[PDB]
Amino acid sequence: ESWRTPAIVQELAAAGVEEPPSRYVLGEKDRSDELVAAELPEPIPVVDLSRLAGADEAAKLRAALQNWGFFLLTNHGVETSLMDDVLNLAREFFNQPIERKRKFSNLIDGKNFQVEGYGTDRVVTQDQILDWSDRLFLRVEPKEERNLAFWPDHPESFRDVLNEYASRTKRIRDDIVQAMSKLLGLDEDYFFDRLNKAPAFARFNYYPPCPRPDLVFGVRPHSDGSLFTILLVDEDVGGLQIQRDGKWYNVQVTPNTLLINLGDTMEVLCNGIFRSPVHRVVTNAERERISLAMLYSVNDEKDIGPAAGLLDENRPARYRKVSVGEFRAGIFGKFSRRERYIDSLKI
Ligand SMILES: CC(=O)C1=C(O)CCCC1=O
Ligand SMILES: O=C(O)CCC(=O)C(=O)O
Ligand SMILES: [Co+2]
């Protein structure tokens with residue numbers, strides 16, 4: 001009935017909607033870059049966590065973060081029965097009757113929007129184009145601030161399995177941080193002090209099939225605002241596209257592997273040594289696509305700016321140092337917009 005309450009896309013697709021409603025249809029300029037992406041000209045960066053202390057993988061990790069901003073993590077310790085469980089339980093929640101799922105809506109009373117809960121992202125203006133997907137957005141860290149009213153009670157083991165999966169990726173977070181601290185020549189607890197009691201979120205994305213996969217986005221082109229993201233996809237058939245130098249490339253998170261991409265917070269803190277990739281998801285006609293992304297932010301203690309240990313005489317500050325409040329407002333507000341916030345920091 002109004003633009004502040006957008007529809008659940010899964011139920012639109014399940015209805016057999018003849019064509020995407022105008023609220024999801026892209027403009028002419030945006031539609032010439034999405035229907036076709038190229039393949040990776042260079043093979044996909046892969047890192048083995050079991051030998052990440054070795055000198056060969058560190059060079060592989062450095063090349064990944066400096067040339068692409070993302071990499072596939074293999075041999076990560078997280079058991080496959082756990083990765084399948086958290087994915088299967090996510091699928092069972094999305095396949096519940098809609099009236100059960102609206103109890104966990106992110107529109108409080110069906111009216112006032114908030115981030116946490118089941119739905120889509122914030123609709124700022126009436127003519128804002130919506131993504132062709134829904135997501136279940138939940139806070140996982142710190143545990144004390146967890147709102148269990150939004151954690152699905154059915155299937156009954158969702159809360160325990162998510163809690164168990166989150167602790168496993170948090171340890172992966174700390175192992176990737178220690179390795180990145182060695183590539184930058186910085187001390188470990190520079191990041192850990194900023195990760196202490198820091199926010200972390202779990203985003204369950206559901207990408208329904210679309211009747212016109214050439215007119216919509218599953219998720220808008222964007223870069224994450226976190227420090228970095230740990231992504232898990234359920235039998236990825238395709239859809240994720242990453243941008244480099246204006247050119248879009250297809251990337252496929254193979255099963256049992258975790259994709260880890262850097263966010264905008266890391267690019268500023270490492271003074272642009274490593275990059276934060278702009279990425280998107282495109283739909284297709286037949287099959288739905290489910291992914292879970294673990295987003296790890298920094299706390300609110302230190303300003304968002306290049307690490308002082310990285311600003312020697314040969315390489316000065318390439319970004320401005322900004323307060324944390326001013327940073328999160330820019331990231332949160334520019335997600336629905338075309339321009340990218342972090343570019344305004346470049347000096
Ligand atoms: C933490 C933040 O970076 C993320 C969410 O807000 C929405 C999904 C994409 C990403 O931008
Ligand atoms: O669905 C994907 O493959 C990417 C996930 C993503 O971009 C996000 O949730 O921020
Ligand atoms: Co993303």
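Sequential numbering from 1 along the given sequence is applied to the chain's residues. Start at 1 and go down the list; that is how both ligands and their atoms are numbered. Note: hydrogens, waters and symmetry copies are ignored here, and every other heavy atom, side chains too, is used.
Residues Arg171 and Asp174 are not paired through a salt bridge, judged by the lack of any N-O separation under 4.0 Å between the basic side chain and the carboxylate. Of the charged side-chain nitrogens involved, none lies within less than 4.0 Å of a carboxylate oxygen, so that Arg315 and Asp312 do not count as a salt-bridged pair.
At a 4.0 Å heavy-atom cut-off, ligand 2 does not touch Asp236 at all. The part of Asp224 lying near ligand 2 is the side chain, judged by heavy-atom distances below 4.0 Å. Only the side chain of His222 comes within contact range of ligand 2, with a heavy atom under 4.0 Å; no backbone atom does.
Residue-ligand proximity, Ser223 to ligand 1, at heavy-atom distances under 4.0 Å covers atoms 11 (O). Taking a cut-off of under 4.0 Å to the non-hydrogen atoms of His222, the atoms of ligand 1 that pass are 9 (C), 10 (C), 11 (O).
The shortest N/O to N/O separation between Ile331 and ligand 1 does not fall below 3.5 Å.
Any protein N/O/S atom under 2.8 Å from the Co ion (ligand 3) was counted, giving 3 altogether.
Taking each of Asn205, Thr229, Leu231, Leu292 in turn, the one with a heavy atom nearest to atom 4 (C) of ligand 2 proves to be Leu231.
Remark: distances from the non-hydrogen atoms of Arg289 to ligand 2 include one below 4.0 Å.
Using a 4.5 Å cut-off between side-chain heavy atoms of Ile, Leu, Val, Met, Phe, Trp and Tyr, with links allowed through other members, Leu107 and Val115 fall into the same hydrophobic cluster.
A donor-acceptor contact shorter than 3.5 Å is absent between the side chain of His76 and the backbone of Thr74.
Distance remark: protein heavy atom not present below 4.0 angstrom from atom 6 (O) of ligand 1.
Nearest protein neighbour of atom 2 (C) of ligand 1, counting heavy atoms only, is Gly225 N, 3.8 Å.
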